[PDB]
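The letters A, B, C, D, E, F and G name the chains in turn, as written, and every chain counts its residues from 1.
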Amino acid sequence: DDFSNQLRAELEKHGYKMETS
Amino acid sequence: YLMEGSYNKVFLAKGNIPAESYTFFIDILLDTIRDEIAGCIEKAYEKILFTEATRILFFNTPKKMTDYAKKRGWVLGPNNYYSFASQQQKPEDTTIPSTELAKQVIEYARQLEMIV
Amino acid sequence: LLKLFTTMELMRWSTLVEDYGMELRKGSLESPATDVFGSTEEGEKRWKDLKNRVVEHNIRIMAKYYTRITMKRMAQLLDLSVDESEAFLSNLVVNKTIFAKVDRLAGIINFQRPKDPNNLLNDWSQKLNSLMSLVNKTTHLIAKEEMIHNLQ
Amino acid sequence: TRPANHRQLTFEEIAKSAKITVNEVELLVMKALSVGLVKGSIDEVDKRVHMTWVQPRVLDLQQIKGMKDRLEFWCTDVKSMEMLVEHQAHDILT
Amino acid sequence: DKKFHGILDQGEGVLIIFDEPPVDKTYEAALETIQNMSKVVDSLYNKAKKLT
Amino acid sequence: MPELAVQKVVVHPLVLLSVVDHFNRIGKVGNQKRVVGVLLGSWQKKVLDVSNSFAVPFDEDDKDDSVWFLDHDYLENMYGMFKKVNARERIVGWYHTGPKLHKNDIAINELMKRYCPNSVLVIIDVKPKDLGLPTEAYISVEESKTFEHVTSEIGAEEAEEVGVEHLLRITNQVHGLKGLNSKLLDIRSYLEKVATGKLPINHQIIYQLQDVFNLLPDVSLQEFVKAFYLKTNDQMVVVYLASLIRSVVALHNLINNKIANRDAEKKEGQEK
Amino acid sequence: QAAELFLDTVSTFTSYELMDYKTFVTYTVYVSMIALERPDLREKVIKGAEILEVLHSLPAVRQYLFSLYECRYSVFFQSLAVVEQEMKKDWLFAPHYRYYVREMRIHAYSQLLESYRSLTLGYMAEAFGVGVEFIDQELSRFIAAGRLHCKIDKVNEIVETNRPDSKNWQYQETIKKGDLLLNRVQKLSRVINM
């Protein structure tokens, strides 16, 4: 609910994919 | 294990029970699994290599595995051959109208009073 | 030449227009009644006006005759290059006298219209009407069959 | 020799019989079709002509014999439909 | 914009149709009659009940 | 829809009964003669409305089809009285009993022709040939003798209809089979005839059958139909969907009625 | 039902204890992005005076509006901060949580997918700066819903599309509402029929 908004955001927002590029 | 269709899990020889009379049972149990595997292999694969098929059946000798295949009545080669494919909405259905007409008579008859 | 439009294949067309090079430049008369022209338009111009008109008219006929036609055949019939034919067809669709679909990535021209199931229904109902019509013929046929059998 | 089950037939068989080439038959069917000797459509996706019958075929005698058995089959089929209707209630539109 | 409703194939660098239109009076007819019928059914229950 | 045509005949119920009455009353029956009469009525733009009739005597020979006796003068004088009674009574045609035709049918016709090119000939048998309408109308002019499958329906005037009432799918299907059987009889008959060298050699009769077969029926069979069918189920599927909805809607209105009946009863003391 | 009401702006103000002006202007736009799609936006949300106010405040006329018109899922992740910011502090929009965010993320994605029949999953997965495993797993979550209809074979990086609007689909939805109604009829049948 609330957990997924925080969960999606850490994954989406905080890059470790666009910084490995 | 039987429920799942996990053939591998089934194959074992250790326990208290394997000592006594489970020996008598093992054959019966295998036959059921092998029937189930043949029916899968025809649906899944329309062609496969012969050797792959020999491993799968989990019989050691190629020969018994050849015996079963002729028994089923398949053409063989270095490959195994299989063919299937079905048709519908042309052979009868409740949505092919002849059979419907008979079905609709009961529906409408209920509706108005009859009763059928 | 008018009857030619019904049958049209259009190789015979070029032959006729060329052969008749003294009728179709002729707005003039060999005995005037009250008609006049003098060839104002140019009589030469008229052949151009006919040339598009017969080619289009031919496409009208193909629509009835064929449901599918290939672009190479369609071009052979017109006697126009494949590029040229395409160009006339495009103009003709905007004009709104035919329906056709152009597939220029394979080279096929459909004149078909998409079906509706009701459409197939219509046809199905007619087949049954023909059947009734027969029963009438058969009734008339019995009446006949009696006269012949005994006058009486 | 049965009902129609199709009326699509391709150029190749006809052209052989006719002893004119594949190109010629297309032009020819088009001449035939103008007259309305041919009732049909031309399918240019497999180069086959779908025909629609209209031929007289005067004096059949043998076909007639067969025709008597086929009609007979037809009388029975409707009869079955009827039995079922009889059993259940009475058709009143109201 | 939806001023033209095909689709674009950039892969074969071509324009393809997709403007294809479904039926819009059976589905629409059927859709409207249920939503109303639901409101009506619910009301009737409250009145029936003896406690709205 | 009901079948309509270019010319049409409407025959009144009164007319028909009159023939029934003529057959028993003349008492000449039991010699098995043609019961023939002249029909009268009302005609307009292209509608025969058979408003009236009157019987005509006739005596025919019972061993000669060339020797028969009929009087013209009887027709004029009686016609004259009818004109005097009601002037909306024209000569439409005549009637014969049937159930078979005669050579002589041609002979009554030549006379009626003169009076009006269109003379309807109605074949009326009380004794039931047909379990639908047992009266069939033809219009005939000679070439040879023609026929026409002109519709026959029973229209009426206001009075006539009330009198009728004072005196007092499945129907489709029985009739449908009937028709099949009549044709079936004709084929067996044809085979027999051809076998025994009898006149039939008609081109038309073979010609009609062939086309008919090509089409096939679709209330039985699938053979020609199967391709069409694929569309067909999908349309039916939708009609049914509609039907479902409406049954709930109906069911609901019934609930409202019950609750009201319950309330009323309960408070009263309960009595149905 | 809200969108009907929200669109109205004759009543610029209030007597302020009913609601407040700043809140109400911020609220209309927020509801716009979720609730509406781009022929509606171009038409209504150019309202002029309203557009000034959003600039006189935190983004929406900015980041969300540009992203909707542009139909990109390239640059829109910065606005995933806003869900966190506004919803959490509020008492009105809190209750809504993942349904509000998730429906917005889908909306954006759907437009991009609809643009290219034959879409490269691969190009998106890298440049949009996202985990390969996240985009797919959530995509397959969305396809299962019937929200998207992108036909995927995951080991390859290629996706195709089919008709999401079809006769068969429309009939399914009609039955689907029909079922819920059926249950109500039973509940009625329960209480009465004594």
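Everything below uses one rule, namely that a contact is a pair of C-beta atoms (placed from the backbone, for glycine too) under 8 Å apart; a residue touches a chain by one contact, two chains touch by 3 or more.
Listed by label, the chains touching chain A and chain D alike form an empty list.
Distance from the chain B centre to the chain C centre is 60 Å, each centre being the mean of its Cα atoms. Taking each chain's centre as the average of its CA atoms, chain E and chain F sit 51 Å apart.
Chain A and chain F have Cα centroids lying 85 Å from one another. Taking the mean of the C-alpha atoms as each chain's centre, chain E and chain G sit 18 Å apart. In chain C, no residue touches two or more other chains.
Annotation for chain B: residues touching 2 or more other chains are 101. Looking at chain D, one finds that residues 81, 85 touch two or more other chains. Of all possible chain pairs, those that touch are A-G, B-D, B-F, C-D, C-F, D-F, E-F, E-G, F-G. Contact residues on chain E toward chain F in their complex (touch as defined above): 26, 30, 33-34, 37, 40-41, 44, 48.
On the side of chain E, the complex with chain G involves touching residues 2, 7-11, 16, 20, 22-23, 27, 30-31, 34-35, 37-38, 41-42, 44-45, 48-49. By the touch criterion given at the top, residues 89-90, 95-98, 101 of chain B touch chain F in their complex. Chain contact summary for the complex, chain G toward chain F: residues 167, 171, 174-175, 178, 181, 185, 188, 192. Across the complex, chain C is touched by residues 65, 100-103, 138, 144-145, 147, 149, 179, 182-183, 186, 198-200, 202, 204-205, 208, 211-212, 215-218, 228, 231-232, 234-235 of chain F.
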